[PDB]
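Below are two forms of the same protein chain, given as structure tokens: structure 1, then structure 2.
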Structure 1
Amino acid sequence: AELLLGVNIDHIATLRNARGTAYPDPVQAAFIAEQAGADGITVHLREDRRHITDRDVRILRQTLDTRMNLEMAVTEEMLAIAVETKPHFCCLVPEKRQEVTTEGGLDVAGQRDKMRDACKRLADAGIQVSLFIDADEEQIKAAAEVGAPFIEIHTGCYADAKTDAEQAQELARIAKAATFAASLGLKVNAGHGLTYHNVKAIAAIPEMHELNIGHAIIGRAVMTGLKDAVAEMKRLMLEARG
């Protein structure tokens, strides 16, 4: 099967929420992405509704032609929204109310019960769960044990590497983590900080199932337009695999 691309459109909403106006509309962006290389659309419903809103989730759930990947913190509010929304995928992330963006991976190994119940609860509601974690063997083994079918490896450290060596070290760390996760029966994704110049090495990793990318695509889109921004990212991804 081919490498999939999940396009995170949160930042379309962050441009909108800077004013009280309704544009640009994430609902439009999703249609564009889905027709230009996206295999899924991702939204992170933050507790503070900083960008994506309940209104967005609600309409997107009815308009997406592919499937929704709902990113959210593991809280009662979100599990409840998640269960009612029935998104195809749900990606559990850690979240501070005023963090710049998603900081690190979930602390699964240190909250086994909490994650186990959440996975169970989402799974009963027919949602395929993905735990966003660091390329960390302990967290990976834990994710598998709490029952999650997917993990999504945080590519931030790789993305922020300051030197070519630091970068190669993070790459290898991620590739090995991915291999270990698959050996435990997990399906594995990756995301955060992926760009047009750093994505191919990540996409070359065989175990990768889907990459979730947002900011870099939206950043290219304001110059170039979303359609091309997405098509270009999807092109580079398949090139790395061929």
Structure 2
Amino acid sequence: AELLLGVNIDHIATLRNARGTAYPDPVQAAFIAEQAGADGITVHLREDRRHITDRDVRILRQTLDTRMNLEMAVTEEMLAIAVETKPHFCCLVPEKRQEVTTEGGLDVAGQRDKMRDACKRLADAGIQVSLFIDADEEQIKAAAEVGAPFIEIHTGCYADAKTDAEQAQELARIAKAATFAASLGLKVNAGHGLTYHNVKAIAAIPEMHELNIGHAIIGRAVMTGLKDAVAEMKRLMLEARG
């Protein structure tokens, strides 16, 4: 069971929206990445459409050769959109202060009914749901209890570690959380903030299923090209596992 990699192309759109032209087109990047080590493409459809737009989602859904992971907030609009779109995966994320925790994860343990409804609903649509949460066992437990098949652990605190001791600390937390989530029947993803220098430690955690990385790749891309940027990340990820 190879460690999978989902490439988030959101920032290709960031770059496009700055001038309101058609380029660069997320649709092209998706092709490059899928053929360069990406097992899935991730797009976050924000409410304010900062980058990825409804057009993007609509055409990508028809052009992706692998599968879509729709990052979105738990709101009527987005729930409706995802059910309509039928993405293979859906990643629920906070987008406001009430749904967010002190670390930026989805507050599941405090919104059990809302999350329960959302999960069954997305599941009836044939969508595999992933609740984006902190390496918090309480949230991890609640996630399991509301029926999500996946949870994506927030690796941002780890990415932003200011000292090695602080980083090693966040690593351990993440690792124990993953092990705990698995013992609950959850498959577990991570990836937020991961870079070419801190990706290996996470990739090594056995419970990890897939890593959703975006920015570091797109940031490497402007220099070296998307093909090599994605390929390097996948190479490093597999090395971590061997």
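Shifts are known only where both forms have a C-alpha. Each form is matched to the other, and the largest set of C-alpha atoms that superpose within 1.5 Å is called the rigid core. Residue positions are counted from 1 along structure 1's sequence.
- With the core held fixed by superposition, the comparison between structure 1 and structure 2 singles out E99 as the only member of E137, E145, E84, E99 whose CA moves by at least 2 angstroms.
- On a core-based overlay, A30 has a Cα shift of 0.1 Å between structure 1 and structure 2.
- On rigid-core superposition between structure 1 and structure 2, the C-alpha of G20 is found to move 1.5 angstrom.
- In sequence order, there is only one run of at least 3 consecutive residues whose Cα atoms each shift by 2 Å or more between structure 1 and structure 2, relative to the superposed core, and it is 96 to 103.
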